[PDB]
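# Reading the structure
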Amino acid sequence: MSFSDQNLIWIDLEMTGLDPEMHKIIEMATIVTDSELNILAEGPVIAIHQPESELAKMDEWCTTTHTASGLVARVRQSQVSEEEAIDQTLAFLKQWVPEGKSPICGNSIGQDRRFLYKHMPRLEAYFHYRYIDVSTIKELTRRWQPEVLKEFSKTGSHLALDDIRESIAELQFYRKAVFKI
Ligand code: NA
């Protein structure tokens, strides 16, 4: 429909911890925007099943965060593996953005990309090698004019779709607040 090699793929993952070699992906969500950050379509929001032995690696932060959000219950009830989650997400993305064109977009998105390289390389390969990291702009704004940052706030629920929507909203805020293009 609005298929374009200028469209942006936004992605957020939730994990059982910070180490891709030890931990697992338990949620993924994607959004496609056009190049002007208008949201065109939201992709599959997938709680990925993991056995208790993997959930049992979670520290207190992860356990309390992902239990209180309802994600742990959704993970336990899920019948979707990483491979099926890749299949669903690729089938969505192919309708909106060509392979290899969009940088990976999000907040500190290098961390998600590490988990994609390790656990979902077929999905990682769909992105261009570059990164659109909204937190790059956050950090530059904090140093150049930190008063700007008091004008925007995040809920930070660690529900993957809500958090990637907040990533887009943050960049929209920066477009008006710190950019002149
Ligand atoms: Na994130």
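For this deposition, the record names X-ray crystallography as the technique by which the model was determined and cites 1.6190 Å as its resolution.

This part is about the overall build of the chain. Across its full length, the chain carries eight helices and six strands. Secondary structure of the chain in N-to-C order comes out as β-β-β-β-α-α-α-α-β-α-α-β-α-α. Its C-alpha atoms give the chain a radius of gyration of 16 Å, near enough to 16 Å, the size a compact globule of 181 residues would have. If you line up the chain on its principal axes, its C-alpha atoms span 50 × 35 × 25 Å. Taking contacts inside the chain between residues at least 6 apart in sequence as the whole, the part at least 24 apart equals 73%.

Here we come to the pairing of strand β3 (residues 39-42). As paired strands, strand β2 (residues 25-33) and β3 are joined by three bridges and run antiparallel to one another. For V32, the partnering residue across the bridge sits in β3 and is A41. Counting the residues in the hairpin turn of β2 and β3 gives five residues, including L37, whose phi is positive at 75°.

For the rest of this paragraph, the subject is the packing of aromatic side chains. Within a pair of aromatic rings, the relevant descriptors are the distance that separates the centres and the angle that separates the planes. Inspection of every chain in the model, using the stated rule, returns two aromatic pairs. Consider the rings of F152 and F173, whose centres lie 5.3 Å apart with planes at 20°: the pair is stacked. With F152 in the loop between α7 (134-144) and α8 (160-177) and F173 in helix α8, this pair connects stretches of sequence that are 21 residues apart. Take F173: its relative accessible area is 15%, and that puts it in the buried class.

This next bit is on the layout of surface pockets. Summary: where empty space remains is shown by rolling a probe the size of a single water molecule over the atoms. In this model, the largest pocket occupies a volume close to 570 Å³. In terms of lining residues, the largest pocket is bounded by 26 residues, among which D12, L13, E14, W61 and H158 are the most central. Listed by contribution, the elements that provide at least two residues to the lining of the largest pocket are β1 (8-15), α2 (60-68), α5 (109-119) and α8. Ranked by the residues each element gives to the lining of the largest pocket, the list is headed by β1, at five residues. When grouped by side-chain class, the residues that make up the lining of the largest pocket number nine nonpolar, 10 polar and seven charged. Here the second largest pocket defines a volume of roughly 220 Å³. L8, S35, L37, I132, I137, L171, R175, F179 and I181 are the residues that line the second largest pocket. Broken down by class, the residue content of the lining of the second largest pocket amounts to seven nonpolar, one polar and one charged.

Looking at where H128 falls in the secondary structure, it is placed in the loop between α6 (121-124) and β6 (131-133). Relative accessible area serves as the criterion here: at 22%, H128 is assigned to the partly exposed category. Not counting chain neighbours up to four residues away, the residues in contact with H128 comprise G100, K101, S102, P103, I104 and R113.

Here is what the cut-offs are and how they apply
Residues numbered from 1 in each chain as written, not as in the entry; some residues may be left out. Heavy atoms only, no water. Residues with missing side-chain atoms left out of burial classes, pairs and counts. Helix = DSSP H or I, 4+ residues; strand = E, 2+ residues; numbered from the N terminus. Rg over C-alpha atoms; globule rule 2.2 N^0.38 Å. Contact = heavy atoms within 4.5 Å. Pairing = 2+ DSSP bridges. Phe/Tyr/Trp six-rings, centres within 6.5 Å; stacked < 30°, edge-to-face > 60°. Buried < 20%, exposed > 50% of the residue type's maximum accessible area, 1.4 Å probe, protein only. 1 Å grid on protein atoms, 1.4 Å probe; cavity = no way out; pocket = protein on both sides within 12 Å on 5 of 7 lines; lining within 4 Å. Points joined across faces, edges and corners; volume = space filled by probe spheres on them. Nonpolar A, V, L, I, M, F, W, Y, C, P; charged D, E, K, R; others polar.

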